[PDB]
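Presented below is the structure to which this report refers.
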Amino acid sequence: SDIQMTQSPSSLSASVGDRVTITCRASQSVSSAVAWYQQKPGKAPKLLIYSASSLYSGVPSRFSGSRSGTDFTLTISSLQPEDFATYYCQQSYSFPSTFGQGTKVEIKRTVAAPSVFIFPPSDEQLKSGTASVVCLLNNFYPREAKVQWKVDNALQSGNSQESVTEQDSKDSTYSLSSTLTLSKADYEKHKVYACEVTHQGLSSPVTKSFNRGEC
Amino acid sequence: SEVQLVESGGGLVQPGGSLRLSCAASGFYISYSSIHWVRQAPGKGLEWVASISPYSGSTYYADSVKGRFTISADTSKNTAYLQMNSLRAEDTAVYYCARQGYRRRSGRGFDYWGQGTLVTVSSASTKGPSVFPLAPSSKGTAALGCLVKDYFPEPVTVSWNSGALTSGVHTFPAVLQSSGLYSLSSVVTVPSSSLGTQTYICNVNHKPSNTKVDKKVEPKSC
RNA sequence: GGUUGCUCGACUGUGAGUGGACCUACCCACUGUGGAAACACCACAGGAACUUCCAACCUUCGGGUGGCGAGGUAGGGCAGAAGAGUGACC
């Protein structure tokens with residue numbers, strides 16, 4: 001018997017200066033008891049709108065709340081890069097309280113090829129019998145990229161794990177780190193370790209690479 | 001302007017276990033405000049948990065924790081608490097403490113949040129991180145970092161040079177090793193000149209295991 | 001015996017549209033606002049509207065003033081009054 005707050009879009013790419021609109025729809029009338037929150041990745045949430053159209057003290061006038069019956073809309077007249085965040089509606093019209101599922105907003109910049117490097121495993125690591133190879137794609141955009149490990153010109157599969165930074169609030173760029181992991185024995189079976197990068201900013205797939213043992 | 005909320009009493013707890021989160025207030029009195037707990041599972045959304053309303057102590061609970069959690073406030077200690085019993089996996093989250101603003105000022109909006117404290121309901125035993133260095137190669141800037149490998153639970157903190165170096169640094173999100181443990185790696189890029197003369201130490205701190213390591217990242221020895 | 005007053009008075013009424021606004025105290029509610037206040041507590045303002053009434057007050061007798069939570073309890077108020085007395089008159 002809860003007010004459902006149904007937010008959408010689940011996500012949003014938009015250019016700087018654009019108008020962006022996020023809509024939350026209350027399964028029951030919640031008067032104007034709606035507050036909106038900004039949350040940059042790994043901070044707490046910050047209050048934006050209270051009572052569905054009152055701009056909380058200190059919030060940039062580009063943000064604004066609005067109500068139309070049971071349908072609430074947050075608006076950014078003109079995106080800054082800072083406004084990379086996840087946005088949540090809340091209703092405190094009645095307990096239990098309720099949040100939207102959030103909307104991840106993303107900056108949109110001109111294309112940036114990754115800076116690429118490759119790291120052959122540390123010598124302490126090899127004594128402990130593990131061997132992890134790191135490939136690093138630095139400060140690029142759009143976040144969509146394709147990394148491929150090849151060991152002795154053999155495409156690997158399932159034995160790498162990558163992870164990406166959050167969009168830079170300033171650059172609006174990304175950074176990735178693909179990590180092939182092998183048992184020490186499996187690592188001493190091959191010479192060449194390559195990291196093939198296919199990004200939109202690259203007009204040709206970059207490969208950093210190394211051979212085992214070279215100084 | 002000391003308005004602050006400082007949660008604590010989180011951590012790694014066996015399933016079915018109990019924890020009592022504490023939340024300490026500054027620069028205002030909680031006797032005059034409604035106080036709410038809100039939790040966020042990793043990469044998930046916000047989820048209101050409970051709240052206790054001023055002057056009456058009346059408590060309200062999200063229905064997913066109704067009867068396992070008990071929000072309460074101590075006037076004297078300017079603290080609010082959440083006893084949690086019969087914890088399950090899905091109770092895993094960061095648990096935030098929020099002040100509901102003064103009506104004449106900010107409606108029923110939550111105007112101050114804690115940094116939040118992280119509750120990791122599993123039974124898999126803690127293990128600290130084995131940090132390995134990542135050296136630069138020979139290629140006007142190059143990159144160097146640390147590989148913080150096979151630890152549990154989140155979180156680790158990495159700083160460089162005791163936070164002296166801060167620019168150009170990327171610390172990647174931990175991913176979950178098939179081993180169930182966390183691994184991650186922090187990297188900074190620096191100009192190729194400083195290699196010879198600039199010592200580069202990453203500082204790794206894994207408070208869950210009481211582990212702190214400092215790893216000097218030096219270039220190719222040969 | 002009437003007839004009527006006069007006085008006392010058990011008891012009963014305070015009637016809602018073709019027709020109910022008497023007062024006070026407590027309790028109990030209901031709505032809105034405000035109190036650092038979503039509930040609880042406190043304060044304060046209200047109980048649709050059109051009517052109806054004057055148990056109340058003032059009157060130059062023309063009128064005017066003021067007044068509604070159909071709650072409960074308790075006093076009262078105003079009406080009746082069974083009865084008594086108590087006269088006058090026939």
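Letters A, B, ... mark the chains of the structure tokens in the order given; residue numbers begin at 1 per chain; ligand numbers begin at 1, in order shown.
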Could you produce a table of the residues of chain B lying within 9 Å of chain A, with the nearest pair of atoms per residue and their separation in Å rounded to one decimal, using only C-alpha atoms, ordered by chain and increasing residue number, as JSON lines?
{"residue": "B:44", "atom": "CA", "partner": "A:101", "partner_atom": "CA", "distance": 8.4}
{"residue": "B:45", "atom": "CA", "partner": "A:101", "partner_atom": "CA", "distance": 5.8}
{"residue": "B:46", "atom": "CA", "partner": "A:99", "partner_atom": "CA", "distance": 6.6}
{"residue": "B:47", "atom": "CA", "partner": "A:99", "partner_atom": "CA", "distance": 6.7}
{"residue": "B:48", "atom": "CA", "partner": "A:97", "partner_atom": "CA", "distance": 6.2}
{"residue": "B:49", "atom": "CA", "partner": "A:96", "partner_atom": "CA", "distance": 8.2}
{"residue": "B:50", "atom": "CA", "partner": "A:96", "partner_atom": "CA", "distance": 8.0}
{"residue": "B:60", "atom": "CA", "partner": "A:95", "partner_atom": "CA", "distance": 6.7}
{"residue": "B:61", "atom": "CA", "partner": "A:96", "partner_atom": "CA", "distance": 6.4}
{"residue": "B:62", "atom": "CA", "partner": "A:96", "partner_atom": "CA", "distance": 5.3}
{"residue": "B:63", "atom": "CA", "partner": "A:96", "partner_atom": "CA", "distance": 7.4}
{"residue": "B:96", "atom": "CA", "partner": "A:44", "partner_atom": "CA", "distance": 7.9}
{"residue": "B:105", "atom": "CA", "partner": "A:56", "partner_atom": "CA", "distance": 8.5}
{"residue": "B:106", "atom": "CA", "partner": "A:50", "partner_atom": "CA", "distance": 6.1}
{"residue": "B:107", "atom": "CA", "partner": "A:50", "partner_atom": "CA", "distance": 5.9}
{"residue": "B:108", "atom": "CA", "partner": "A:92", "partner_atom": "CA", "distance": 6.4}
{"residue": "B:109", "atom": "CA", "partner": "A:50", "partner_atom": "CA", "distance": 5.3}
{"residue": "B:110", "atom": "CA", "partner": "A:47", "partner_atom": "CA", "distance": 6.6}
{"residue": "B:111", "atom": "CA", "partner": "A:47", "partner_atom": "CA", "distance": 5.8}
{"residue": "B:112", "atom": "CA", "partner": "A:46", "partner_atom": "CA", "distance": 7.5}
{"residue": "B:113", "atom": "CA", "partner": "A:44", "partner_atom": "CA", "distance": 6.2}
{"residue": "B:114", "atom": "CA", "partner": "A:44", "partner_atom": "CA", "distance": 6.8}
{"residue": "B:115", "atom": "CA", "partner": "A:44", "partner_atom": "CA", "distance": 5.7}
{"residue": "B:116", "atom": "CA", "partner": "A:44", "partner_atom": "CA", "distance": 7.2}
{"residue": "B:130", "atom": "CA", "partner": "A:125", "partner_atom": "CA", "distance": 8.8}
{"residue": "B:131", "atom": "CA", "partner": "A:125", "partner_atom": "CA", "distance": 8.8}
{"residue": "B:132", "atom": "CA", "partner": "A:122", "partner_atom": "CA", "distance": 6.3}
{"residue": "B:133", "atom": "CA", "partner": "A:122", "partner_atom": "CA", "distance": 6.1}
{"residue": "B:134", "atom": "CA", "partner": "A:119", "partner_atom": "CA", "distance": 6.4}
{"residue": "B:135", "atom": "CA", "partner": "A:119", "partner_atom": "CA", "distance": 7.2}
{"residue": "B:136", "atom": "CA", "partner": "A:119", "partner_atom": "CA", "distance": 7.9}
{"residue": "B:137", "atom": "CA", "partner": "A:119", "partner_atom": "CA", "distance": 8.1}
{"residue": "B:139", "atom": "CA", "partner": "A:117", "partner_atom": "CA", "distance": 8.6}
{"residue": "B:142", "atom": "CA", "partner": "A:117", "partner_atom": "CA", "distance": 7.9}
{"residue": "B:143", "atom": "CA", "partner": "A:117", "partner_atom": "CA", "distance": 7.4}
{"residue": "B:144", "atom": "CA", "partner": "A:119", "partner_atom": "CA", "distance": 8.6}
{"residue": "B:147", "atom": "CA", "partner": "A:134", "partner_atom": "CA", "distance": 8.8}
{"residue": "B:170", "atom": "CA", "partner": "A:165", "partner_atom": "CA", "distance": 7.5}
{"residue": "B:171", "atom": "CA", "partner": "A:165", "partner_atom": "CA", "distance": 7.7}
{"residue": "B:172", "atom": "CA", "partner": "A:165", "partner_atom": "CA", "distance": 5.9}
{"residue": "B:173", "atom": "CA", "partner": "A:163", "partner_atom": "CA", "distance": 6.3}
{"residue": "B:174", "atom": "CA", "partner": "A:163", "partner_atom": "CA", "distance": 7.7}
{"residue": "B:175", "atom": "CA", "partner": "A:163", "partner_atom": "CA", "distance": 7.0}
{"residue": "B:176", "atom": "CA", "partner": "A:161", "partner_atom": "CA", "distance": 8.8}
{"residue": "B:177", "atom": "CA", "partner": "A:161", "partner_atom": "CA", "distance": 8.4}
{"residue": "B:184", "atom": "CA", "partner": "A:163", "partner_atom": "CA", "distance": 8.8}
{"residue": "B:185", "atom": "CA", "partner": "A:177", "partner_atom": "CA", "distance": 8.3}
{"residue": "B:187", "atom": "CA", "partner": "A:136", "partner_atom": "CA", "distance": 8.9}
{"residue": "B:220", "atom": "CA", "partner": "A:215", "partner_atom": "CA", "distance": 7.1}
{"residue": "B:221", "atom": "CA", "partner": "A:215", "partner_atom": "CA", "distance": 7.8}
{"residue": "B:222", "atom": "CA", "partner": "A:215", "partner_atom": "CA", "distance": 5.2}
Can you check which residues of stretch 96-198 of chain A DSSP gives as strand (DSSP E or B) on the backbone and send them as a PyMOL selection string? chain A and resi 98-99+103-106+112+115-119+130-141+145-151+155+160-161+164+174-183+192-198
Given only C-alpha atoms (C1' of nucleotides) as the counted atoms, nearest of A:8, A:80, A:66, A:94 to chain C: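 Checking each of A:8, A:80, A:66, A:94 against chain C, counting only C-alpha atoms (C1' of nucleotides), the winner is A:94.
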Shell of 12 Å around stretch 58-75 of chain C, only C-alpha atoms (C1' of nucleotides), local chain residues under 5 positions omitted, as JSON, numbers by chain: {"C": [15, 16, 20, 21, 22, 23, 24, 25, 26, 27, 28, 29, 30, 31, 46, 47, 52, 53]}
Counting only C-alpha atoms (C1' of nucleotides), a student should be able to say which residues of chain C come within 10 Å of chain B; what is the right answer, written as a PyMOL selection string? chain C and resi 36-41
Write the residues you've just listed into a file as a PDB file, in the first residue's frame, and include N, CA, C and O atoms (P, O5', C5', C4', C3', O3' and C1' of nucleotides) for each of them.
ATOM      1  P     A C  36       9.102  26.744  17.711  1.00  0.00           P
ATOM      2  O5'   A C  36       9.075  25.709  16.510  1.00  0.00           O
ATOM      3  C5'   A C  36       9.371  26.127  15.183  1.00  0.00           C
ATOM      4  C4'   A C  36      10.327  25.182  14.495  1.00  0.00           C
ATOM      5  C3'   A C  36      10.094  23.685  14.728  1.00  0.00           C
ATOM      6  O3'   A C  36      10.628  22.984  13.618  1.00  0.00           O
ATOM      7  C1'   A C  36      12.239  24.225  15.380  1.00  0.00           C
ATOM      8  P     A C  37       9.712  22.424  12.440  1.00  0.00           P
ATOM      9  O5'   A C  37       8.690  21.467  13.189  1.00  0.00           O
ATOM     10  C5'   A C  37       9.019  20.112  13.461  1.00  0.00           C
ATOM     11  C4'   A C  37       7.785  19.283  13.737  1.00  0.00           C
ATOM     12  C3'   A C  37       6.570  19.591  12.876  1.00  0.00           C
ATOM     13  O3'   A C  37       5.796  18.392  12.766  1.00  0.00           O
ATOM     14  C1'   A C  37       6.091  20.148  15.135  1.00  0.00           C
ATOM     15  P     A C  38       6.414  17.079  12.069  1.00  0.00           P
ATOM     16  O5'   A C  38       5.172  16.523  11.251  1.00  0.00           O
ATOM     17  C5'   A C  38       4.175  17.416  10.763  1.00  0.00           C
ATOM     18  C4'   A C  38       3.147  16.699   9.926  1.00  0.00           C
ATOM     19  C3'   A C  38       2.574  15.432  10.552  1.00  0.00           C
ATOM     20  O3'   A C  38       1.220  15.247  10.155  1.00  0.00           O
ATOM     21  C1'   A C  38       3.793  14.888   8.575  1.00  0.00           C
ATOM     22  P     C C  39       0.016  15.573  11.176  1.00  0.00           P
ATOM     23  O5'   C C  39       0.027  14.359  12.224  1.00  0.00           O
ATOM     24  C5'   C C  39      -0.237  13.018  11.814  1.00  0.00           C
ATOM     25  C4'   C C  39       0.103  12.008  12.888  1.00  0.00           C
ATOM     26  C3'   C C  39      -0.232  12.431  14.301  1.00  0.00           C
ATOM     27  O3'   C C  39      -1.580  12.175  14.635  1.00  0.00           O
ATOM     28  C1'   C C  39       1.972  11.583  14.244  1.00  0.00           C
ATOM     29  P     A C  40      -2.308  13.039  15.785  1.00  0.00           P
ATOM     30  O5'   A C  40      -1.351  12.897  17.067  1.00  0.00           O
ATOM     31  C5'   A C  40      -1.393  11.745  17.902  1.00  0.00           C
ATOM     32  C4'   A C  40      -0.504  11.899  19.109  1.00  0.00           C
ATOM     33  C3'   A C  40      -0.755  13.126  19.972  1.00  0.00           C
ATOM     34  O3'   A C  40      -1.828  12.952  20.885  1.00  0.00           O
ATOM     35  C1'   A C  40       1.539  12.990  19.487  1.00  0.00           C
ATOM     36  P     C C  41      -2.855  14.153  21.206  1.00  0.00           P
ATOM     37  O5'   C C  41      -1.986  15.261  21.975  1.00  0.00           O
ATOM     38  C5'   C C  41      -1.376  14.972  23.228  1.00  0.00           C
ATOM     39  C4'   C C  41      -0.415  16.055  23.650  1.00  0.00           C
ATOM     40  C3'   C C  41      -0.962  17.465  23.668  1.00  0.00           C
ATOM     41  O3'   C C  41      -1.719  17.748  24.811  1.00  0.00           O
ATOM     42  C1'   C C  41       1.158  17.469  22.645  1.00  0.00           C
TER      43        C C  41
END
Interatomic distance, atom CA of residue B:129 to atom CA of residue A:173 (Å, one decimal): 28.9 Å
Record the distance separating atom CA of residue B:181 and atom CA of residue A:213, expressed in Å with one decimal. 29.3 Å
Residues at most 10 Å from residue C:79, counting only C-alpha atoms (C1' of nucleotides), excluding those fewer than 5 positions away in the same chain, as a PyMOL selection string? chain C and resi 13-14+55
